[PDB]
Structures are given as C-alpha cells and as structure tokens.
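Asker: Chains from the complex, first installment, not repositioned:
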Amino acid sequence: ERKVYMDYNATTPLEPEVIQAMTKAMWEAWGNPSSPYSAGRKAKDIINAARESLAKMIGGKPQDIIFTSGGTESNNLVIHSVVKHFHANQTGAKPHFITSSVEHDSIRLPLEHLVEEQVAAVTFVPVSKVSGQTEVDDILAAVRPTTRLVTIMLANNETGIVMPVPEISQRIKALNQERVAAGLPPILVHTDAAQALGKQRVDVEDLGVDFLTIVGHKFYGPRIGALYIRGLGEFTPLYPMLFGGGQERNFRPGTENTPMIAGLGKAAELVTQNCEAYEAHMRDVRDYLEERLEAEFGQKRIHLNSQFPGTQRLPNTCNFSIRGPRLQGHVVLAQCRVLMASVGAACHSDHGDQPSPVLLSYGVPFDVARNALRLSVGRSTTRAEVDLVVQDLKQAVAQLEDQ
C-alpha cells in the first residue's frame, strides 16, 4: 500500500508554489544580480523581494537579513564572528560561549572544535529532567567576564521541546546593563530557529535575540538559508567567514543563487500567510497520533519521550518508545510497510543502533531510549494517515514478537 511520511523534522518536500517560483527565476532571472541588463535586474528584484519576505516572516527588517548556503553555514558564521570580534578587541584570554547540552551538530561541533583547539571556552548547560529545558538560572550562573554569546536552540529537533529564549534574552539584557556599568562588553544571544519556522510564530522582537538561524528545507523551501543579525552593520558587528566580490554587503560574498533565493522567499511568504493554519493542523494530528498510539498499544506500553508536564513543544513532533525487548527503534522502522520516520537526527541515522545521545542528555532511561521513534507530522498529514501508521506499527511489533 501507500507510504506515509512522518519525518518532516529531517526535511520537508518543496511546496508547488515554491518550485514554481524557482523555475521562473531559473529561466527569466538568470543574469548576474549586479548587471544593468534586464535578466540581472530581474534577479536583483527577486533577491530584494525575498529578503523582505524573510524579514516579514520573523518580524525583522530586510537590512538585518543575509542569505546563506544553509543552516550549518548560518550557525558556524555566528560563532566564527564572535571569535573574530573578540580577537579584534584583543589583537591570553579566550572568548566564552554558553549553549545547551542538546544543540544540533552545526552548533555543538563548531563549539567542541573551538575547545579542542584552545580557541574558546564553552559551557554546555544541561537540560532539567523535570522541564526538559535549560534552566535560565543555569545559563546566567555560567556567565563570566569573557562570555560573549548565549546560543540556545528555539526548538529541539529530536523532542520538539521549546526553549525559554524570550526569558533568556530578557535576563541577558538586564545583566548587560550591569556589565556595561562595570566596563565589560555586552553578551549577545543567538537562537537556532531551524525547527520552529513554519510550525509556530517566530518573532524576533518577542524572542529578543541578536541573531537567528533560518533553514529553508525545514519549512517547505529549498536547501539554503539565512541569518538574522539585529542592527546588522550598525548595532551588531558581523565578521565574515568568506572573502570575495562584495555580495550580501560583503558579509557573505559569492554570486547570489537567485533561484534558491526566489524559493526561500516564497516559502517565507507562505509561513507569513498561513503559520496559524499550519500550527493548528499539525497539533491536531500529532495529538491524534498520541491518542491512537495509547488506544492501540496501551498507556502502559507507551513512553512519550516529548512530553514534560507544563513544557511547550513543537505542534508536530512525537518522540515515543514502545516497551519490549525486541522493539528497538530502527528494528521496528525496518518492519513497517507504510511509516517513514526516524530514530533521531537524519545525520546520525548511521548510529541508529545505539540510543540517541540527545535522548540520553534528556534523561530518557536507556532501555526506553533504545526503543525510541521520532514521528514528525506536516502540512499534508491527515488523521486517516495516522490510522494507517498505527495499524502499520501494530503489525510490525507483532511480527517482531512472533519471531
């Protein structure tokens, strides 16, 4: 029978209108964006409109947005810039970062690398076993005079848990007043919003952050992204990683990928127009899925890994485990004929055999983490599809148990 995709957290398909915007730009807007000829001008008009659509999506200003190759580049760029700024201000002190124990690889690994190289100091703040969040008291307790950036993801890709970013920013703003009075540089705050965009409202003024990472392929756009920098070139400096021909105000040089930008901008227009519909629909079907998993297997057999009492999570995500010695997450997914899902981050799928380090940093019991499955629903996902998926998981576990 027909397949049901429930791995939207790993990647989303392109919206038809986004593909249409890309195809048009491929044919019509092929010229160099810098040129005084009509195909270059059309390209420049594409890029300008897309920058405005992205700013509208996050409630910022187009001057605060630069286009990048993706989420990984945007996240590396923030970190890099903070090091270079600190070096500019010195040239044996090192800059210090505060982040969480559960960040995407594109934050965790540049950070670990900086410590391995003795370039930076980093505090990885654990998440509470009670809330599933970094306690903001802990982030603030970790502050030292050499601290320059707090980077805390908006929502976790594996659990859907939403982090208290607005409160972190607010506490950092009150602290920065004491610091400036003491002659210490202000601390900046980044959020990796990769998983939140298109699923719940992301507003840079409600968030209060200085930087924000945008990831197209998480909200039905193409595999590029962007970076928001508050008061870019004015209140917040940004030291490029790349050097070249002057594109993106020299913050990110290289001839602009016009068709990808047309796509990102169109994807952002859709989130602006429809975010409220998307969120509500995802929520209904994810909550339905949870209800139908407990009806079919039993409350006693299901551990809802994404659920902490009173903690916001993404509306589409359900991380759960079914009790049984034979029902490791990868092993169950291999027996499914309908469900397409994951047992973690797409880029850690190789290591599907051992529990997710992320679930383990969330305090998920080792035996429950072995059996963990991440189901993430999308814009098209229906309750009918949820019924087929649960009936697929029902047959799968029976075959692993009859073996």
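Answerer: On my side now, so go ahead. Residues are numbered from 1 along each chain as shown, chains lettered A, B, ... in the order given.
Asker: where do the helices sit along chain A?
Answerer: A:16-28, A:38-58, A:71-90, A:105-116, A:136-141, A:165-182, A:204-207, A:258-297, A:329-335, A:357-361, A:366-370, A:383-402 (DSSP state H).
Asker: contacts for the fifth one?
Answerer: Right, the one you point to is helix A:136-141. Contacts to helix A:136-141, defined as CB atoms under 8 Å, 6 or more residues apart in numbering, come from residues A:98, A:125-126, A:150, A:152, A:164, A:167-168, A:171-172, A:175. In this view, the C-beta of every residue, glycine as well, is placed from N, C-alpha and C.
Asker: mind running it again at 6 Å?
Answerer: Outside helix A:136-141, the residues that touch it by CB atoms under 6 Å, 6 or more residues apart in numbering are A:98, A:125, A:164, A:167-168, A:171.
Asker: Show me how far it is from its chain's centre.
Answerer: 22 Å (CA atoms, centre = their mean, to the nearest Å).
Asker: same question, the second one
Answerer: On the basis of CA atoms, centre = their mean, the separation between the geometric centre of helix A:38-58 and that of its chain is 23 Å.
Asker: what angle do it and helix A:258-297 make?
Answerer: 40 degrees (axes from the mean of the first three to the mean of the last three CA atoms, to 10 degrees).
Asker: Who are the contact partners of residue A:393?
Answerer: Taking CB under 6 Å, 6+ apart, one finds nothing in contact with residue A:393.
Asker: Got the domain ranges for chain A?
Answerer: A:1-14+A:298-403, A:15-60+A:254-297, A:61-253 (curated CATH domains).
Asker: Quick check: end-to-end length of the first one?
Answerer: Distances were taken as CA to CA, to the nearest Å; on that basis the terminal residues of domain A:1-14+A:298-403 are 23 Å apart.
Asker: try the longest one
Answerer: Start to finish, the residues bounding domain A:61-253 are 20 Å apart (CA to CA).
Asker: what about that domain, distance to the chain center?
Answerer: Here the centre of domain A:61-253 is set off from its chain's centre by 12 Å, with CA atoms, centre = their mean.
Asker: ok, the residue nearest to residue A:246 when sequence neighbours are not counted - how many residues close by?
Answerer: In space, and not counting its chain neighbours, residue A:246 is closest to residue A:253: 6.4 Å by CB to CB, 6 or more residues apart in numbering. For residue A:253, the neighbour count with other CB atoms under 10 Å is 16.
Asker: any idea how far residue A:253 is from residue A:81?
Answerer: Remark: distance between residue A:253 and residue A:81 (CB to CB, to the nearest Å) = 15 Å.
Asker: ditto for residue A:163
Answerer: For residue A:163 relative to residue A:81 (CB to CB), the value is 22 Å.
Asker: Kindly report the same for residue A:246.
Answerer: Applying CB to CB to residue A:246 and residue A:81 gives a distance of 18 Å.
Asker: Also, this goes in as chain B:
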Amino acid sequence: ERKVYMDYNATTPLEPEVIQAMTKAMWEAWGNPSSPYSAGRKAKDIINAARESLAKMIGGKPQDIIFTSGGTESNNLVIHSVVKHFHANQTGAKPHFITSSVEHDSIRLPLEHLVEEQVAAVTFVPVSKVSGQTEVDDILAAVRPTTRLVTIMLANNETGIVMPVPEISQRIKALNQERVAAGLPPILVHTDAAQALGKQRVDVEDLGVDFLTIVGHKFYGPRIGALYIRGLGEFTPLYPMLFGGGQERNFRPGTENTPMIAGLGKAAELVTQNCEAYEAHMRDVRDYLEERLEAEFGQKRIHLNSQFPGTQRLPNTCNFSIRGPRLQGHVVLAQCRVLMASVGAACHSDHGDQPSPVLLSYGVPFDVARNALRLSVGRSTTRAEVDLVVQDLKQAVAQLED
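Answerer: Below, chain B sits with the chains from the block before:
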C-alpha cells in the same frame, strides 16, 4: 531591437536540459540524502551520479570531489585548509602563499585579509609583459621554507589568457622532492579553473594540481560549485571551514542541495559530451568579432588588450579598447542598444573613472585601459549577431564623437 549577450565570463544562462534535471530532482528527490528509507536513497543516488559526472568532466575520480555553495566557497576553503593544517603541524612562523597579480576576488581578497590580520604572508607574482603569464621561474623564486601553497588561475576572466599550470605543477613536484629530503613539507598547487571549464579541455592529470575550483554558473550550470582534492582523505589533507552533520565526508557538512547538485551534474555531462564543439564554435565567432571590429573601425583604432604573441587564451574572450577621448568602456556600453557586455573590474562615479586593476596588471597603458570592453561569447552566439553588435558599437561611438 533584439539584444545580444556577450557577457558569458560573468555568468551564463542555464541549459534547458540542466533546468529539467533540477526541476525533476525538486519533485522527486526531495528526501534527506542521509536518511535510510526510500526518498533518502533516491536523493543519494542523484548526488553520486552528479559526482561521477563532475569526475568525468575533469579527468578525475568521484572520491576526489566535494560539493560546495559556489566558487567563492571553494577558493576560500583551499586557502583556509592550508592555514589550519600549518597551525596543526605547529602543535612564531606563518604559512606562505604564492599567487598571481590577476586572480579573482575570491582568491586575492581572502589572501589580502590573511596578510592584514598577520596570519600568513603572500607573494603576489606579477605577470610578464612579454607573455602575459606568470612565468614559472618567478613562482619558484618566491618559494621559502614556510611556503605551503601556490594558487594560480587556469584562465583569467578579464583577458581570457591561460596560465602555464602544468609546467608549474611539474616544477613544484620536482622542487618538492628536494624539499622532503631537506625535511621541509611539500608545496601543494591549486588552480581556479572557473573560466576554463566548458571552453577548453580541463584534465586533472595534465594540469598536475592538488586542488581545482569548479564553478557551475560559468558553464551553463547552477550557482553552486565543487572542489577537486587529489587523493582526498589519503594523500592530500583538507581541513574544513564548516562543522556539522558529517555530510561530504565531514569536509563540507550541511544537508545536500540535491536539485542544484543534479543541475551541476547535468552541466558537467554536457561539457564532457560537447567541450570540443563548444570550443570551436566559440573560437570561430570570437575571431570573426575581431576581424569585424578591425574591418569596421580600423586597425589603428582598435587596441586588442588580451593578446600576447604565442600565449594561449580562452576561445570566447575579446578584451579591446576603441581609441578616443569620450570612449571609456562604461560610456560606450551605455550608448549600445543591442550589445550586453562588461567593463570587468573598471569603476566609475562622476569624479572620474578607474580602469580595471587587472588590465593595468597586464601592462595595458592607463589611457587604453580606461577604454577597455570585455566581450565574451557563448554557445549560441552567431556570426549574424556579431555583425549586429559591430553595427551597434559603430552607432554608439558615432554619437559619442559627433
């Protein structure tokens, strides 16, 4: 009426077959290439075929090829790796780079930044005003114990002049034998092949290089790129700029842009299939352009800037000045009704004009250089279109000088 594009050195349109390959991958190959299910492995297979197509284009092996966002990333990545590797083996010497005085902004500016921040030393070798190349003996005379990289553009964007990259690699390999015996680390060689791909044969084995920059939008492909690394992960070290999810063997992590890669793959295919025919057609129509310009303005009025006797150049590029006090490049082009071209690196406000620094580096007399136009033709340019373009340059200059 109809306009004629002669600015293909700045960018090219996409081939129809390329667009088709991209739009198909958008609909069909959208799953995460890291994911194990059905949709993932379809994307993976698009990426592997594309990397095979890239390999075949340059005469290499798919294991030696990583995908990047474009040529600027690829160029910066090579310079960055050499610095991080030097810092690795030191664990107050600095790494040293030899390059030319005529490189693209994505090579010159990252090196210039490195010398400004005191991270590296750089020798910008000038070009010979007899050959218009950076002679190999001048490159070898720049070598010092801290030298780790020579990077020399395969063909120049401005003039289309081809550099002697094979002889550079051959001599450096020979110098490297004596180095390793003296305990010194070997010198690696990079070429920015941006302007040569799809215009002439490019073969990693004939060029001898350790790195080579590939740029899709210069051969009717998308606005992404790739980097060849000889013996990647075995013989030649690459130290990444980016850190993340393990993609491109951890040399360039980040989820793979599969429709762009599918495009670049298709564009690489068309080059392998048709490089000879593209080259010959280009050379035909460019040569016709130059004979038409001379027939129409006179041999005395036209200064061909690209041209050094017995020096190879791209088949499609014609950089030339028309003699006259009013005829700065941008002034003539602004008067044209058909021709679309460029003035390359030249600038103009209203205080005055600045000729291309690149042409001045080739020794073009300042006054000639101020009048320089870069015309670069493409796969579809016809002799009939050249004729329209010469007619247009004629009416353009006529209105400027009476």
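Asker: Go back to the contacts of helix A:136-141, now with chain B?
Answerer: Defining contact as CB atoms under 6 Å, 6 or more residues apart in numbering or on different chains, one finds that helix A:136-141 is touched by A:98, A:125, A:164, A:167-168, A:171.
Asker: between these, which is closest to chain B?
Answerer: Nearest to chain B, judged by CB to the nearest CB, of these is residue A:98 at 18.1 Å.
Asker: Hmm, residue A:318 and residue A:305 touching each other?
Answerer: No: counting by CB atoms under 6 Å, residue A:305 sits too far from residue A:318 to count as a contact (8.5 Å).
Asker: burial of the residue of chain A at minimum distance from chain B, as a residue count?
Answerer: Per CB to the nearest CB, residue A:347 is where chain A lies closest to chain B, at 3.1 Å. Neighbours of residue A:347 under the rule other CB atoms under 10 Å in any protein chain shown: 24.
Asker: give the contact list for it.
Answerer: Neighbouring residues of residue A:347 by CB under 6 Å, 6+ apart: B:34, B:245-246.
Asker: filter the contacts of helix A:136-141 by proximity to chain B?
Answerer: The subset of those within reach of chain B, by CB under 6 Å from any CB of the partner chain, is empty.
Asker: Let me have these in JSON lines, extended by neighbour count.
Answerer: JSON lines is the format used below for the contacts of helix A:136-141 (neighbours: other CB atoms under 10 Å in any protein chain shown):
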{"residue": "A:98", "neighbour count": "27"}
{"residue": "A:125", "neighbour count": "21"}
{"residue": "A:164", "neighbour count": "18"}
{"residue": "A:167", "neighbour count": "13"}
{"residue": "A:168", "neighbour count": "22"}
{"residue": "A:171", "neighbour count": "19"}
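Asker: near chain B, which residues of the stretch 101-250 of chain A?
Answerer: Applying CB under 6 Å from any CB, we find that the stretch 101-250 of chain A lies next to chain B at A:105-106, A:109-110, A:113, A:223, A:242-245.
Asker: Any of those buried? List them.
Answerer: Buried members of these, counted by 16 or more other CB atoms under 10 Å in any protein chain shown: A:105-106, A:109-110, A:113, A:223, A:242-244.
Asker: Which single one of the contacts of residue A:347 is nearest to chain A?
Answerer: Distances from chain A to these, taken by CB to the nearest CB, are shortest for residue B:245, at 3.1 Å.
Asker: With adjacent residues omitted, what lies nearest to that closest one?
Answerer: residue A:347 (3.1 Å; CB to CB, 6 or more residues apart in numbering or on different chains).
Asker: Mind picking the two most distant members of the residues of the stretch 101-250 of chain A next to chain B?
Answerer: A:105 and A:245 (30.1 Å; CB to CB).
Asker: My read is that residue A:122 contacts residue A:115, right?
Answerer: Yes: between residue A:122 and residue A:115 there is a contact under CB under 6 Å: 5.3 Å.
Asker: Of the two, which one has the most company?
Answerer: Neighbour count, other CB under 10 Å: between residue A:122 and residue A:115, residue A:122 has more, with 21 against 14.
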